[PDB]
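Report on the following structure.
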Amino acid sequence: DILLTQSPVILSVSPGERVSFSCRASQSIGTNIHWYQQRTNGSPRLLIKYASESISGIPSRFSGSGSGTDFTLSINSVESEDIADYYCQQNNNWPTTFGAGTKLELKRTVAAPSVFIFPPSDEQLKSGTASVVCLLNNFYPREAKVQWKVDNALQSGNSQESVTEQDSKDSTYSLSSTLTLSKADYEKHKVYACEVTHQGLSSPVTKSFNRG
Amino acid sequence: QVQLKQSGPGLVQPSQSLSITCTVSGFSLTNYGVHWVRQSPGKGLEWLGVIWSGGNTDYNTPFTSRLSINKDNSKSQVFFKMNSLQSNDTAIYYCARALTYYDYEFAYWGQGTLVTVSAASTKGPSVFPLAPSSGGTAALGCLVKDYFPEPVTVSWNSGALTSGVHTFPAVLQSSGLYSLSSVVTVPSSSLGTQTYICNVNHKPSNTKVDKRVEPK
Amino acid sequence: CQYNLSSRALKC
């Protein structure tokens, strides 16, 4: 089988910049290569067929070049919505095979998160568990620190974080941190605090509530 | 319009078989081949096989002895079946159609079917509100907790509300059950006049829940 | 770097 090697693994660029994706084949494949875009939660979208040939409905900023073993997909002026994974596929030799993909990430100015905290619902407490959620909304860059405190006790090991993919319009991330306690623990304590550290904040932001 | 629509996400037990239906429209199966491609953590995009216009099949080398593709032209249905699934067969499975009858440039794709290979039982989620408590903007959400397997779909107000929505990737808990939150920001003044409902659908357990979220 | 089934995108 033909091995396709895509480089780099991750491309980070600013809007309006030129960008190019490389796909190298383990042996010559002529111009028998197709390119795909895959957005978050989406299925692959055919961008270019046979190395350089255009596809109806695909914006003019996408083009391809190359023959033999070295192929290039170009975006001449990247837009925010071009955020995606990009794949090459060869079909000179059976079976058709795909590259491992290049992730395109977009740069933007620093944006501080808006922080919100949510107490557990009374509904959940009935089941014997308490989830406390801290939301960090629309920030950049991705790096953030969330520190949980319960009655000034630093919490460790009992929270999980999840981060969205970059927004297609403003290029920001959002993050949730969920602190999970047994109902009994939750009822034993009063002050629940989420402290957020991020590059766009001059000092940490704390959101908190008092149970009841 | 050319479309391919696949059957719902499903849990498959180790050593058991996987069955997926691709139902096409906007073209005849007598005129195009339908290919199957999967995407897994360990293998990425991987072509599995094809059923041609005339009913012939080719299967990729590693799958010749456990893969079966059939179809019903009159029903516009293609049937994918794979045997003896192991945990590394956990993947999103796609059907796809090429630009022409004989080729492999995949211009049209199904929405994909997420298959989880696990001995565990299916479980429906609980849905709890994240109640609105800055700058006239209020955040609210739903905590969709303790379900298996992935995925769940979440929309707001039956699809009418999309702006400012963030549905976070699920995280696997130590219980071996998934959990995720979906949040949205809205003007705080609309909290008293609009209703906010997260529509949750966990297809593998056939669980649909609409949770209304209100200021506490 | 590989495809992630929860986030549905590459996870480097």
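Quick notes on this one:
- Spin-label pair A:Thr5/A:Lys145, simplified geometry with 7 Å Cα→Cβ offset, distance in nm: 3.9
- Residue order, fewest to most beta carbons within 10 Å, for A:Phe62, A:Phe139: A:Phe62, A:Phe139
- Over all projection directions, the Cα-based convex hull of the stretch A:109-212 averages an area of 6.9 nm².
- Cβ crowding within 10 Å ranks B:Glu105, A:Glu195 as A:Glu195, B:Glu105, fewest other Cβ atoms first.
- Inter-centroid distance (Cα atoms) of the stretch B:138-163 relative to the stretch A:1-27, Å: 34
- With the charge dipole of the stretch B:36-134 set up from +1 on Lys and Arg Cβ and -1 on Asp and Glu Cβ about the Cα centre, the Cα lying farthest toward the positive end among the listed residues B:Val115, B:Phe128, B:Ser65 is that of B:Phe128.
- As a calculated quantity, the FRET efficiency between A:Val13 and A:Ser56 at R0 = 35 Å, using C-beta atoms, amounts to about 0.85.
- Mean residue ellipticity (222 nm) of chain A, computed from DSSP H runs ≥ 4 via -39,500 (n - 2.57), nearest 500: -500 deg cm²/dmol
- Rg/Rg_globular for chain B, with Rg_globular taken as 2.2 N^0.38 Å and Rg from C-alpha atoms: 1.21
- Peptide B:174-186, shielding by other chains (average Cβ, 10 Å cutoff): 3
- With the convex hull constructed from alpha-carbon coordinates only, the stretch A:1-108 shows a mean projected area of 6.2 nm² over all directions.
- Residues A:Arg24, C:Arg8, A:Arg18 arranged by fewest to most Cβ contacts within 10 Å: A:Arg18, A:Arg24, C:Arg8
- Put simply, the Cα atoms of chain A extend 70, 36, 28 Å along their principal axes, the longest span coming first.
- Spin-label zone in the stretch B:1-42 - amide nitrogen under 16 Å from a point set 7 Å from the Cα of B:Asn206 along the C-beta vector: B:8-11
- Alpha carbon Rg of the protein assembly as shown, scaled by the compact-globule rule 2.2 N^0.38 Å: 1.06
- Rg [Å, one decimal], Dmax [Å, integer] - the stretch B:1-113, C-alpha atoms: 13.2, 38
- Vicinal HN-Hα couplings computed from phi for the stretch B:192-207 (Karplus, 6.51 cos²θ - 1.76 cosθ + 1.60; Hz; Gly/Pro x): x, 10, 9, 9, 10, 10, 8, 8, 10, 9, 10, 3, x, 10, 6, 10
Ideal geometry is used to build each Cβ from the backbone, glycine not excepted, and the neighbour counts take in all protein chains shown. Only the coordinates and a few stated rules stand behind these numbers; no lab work does.
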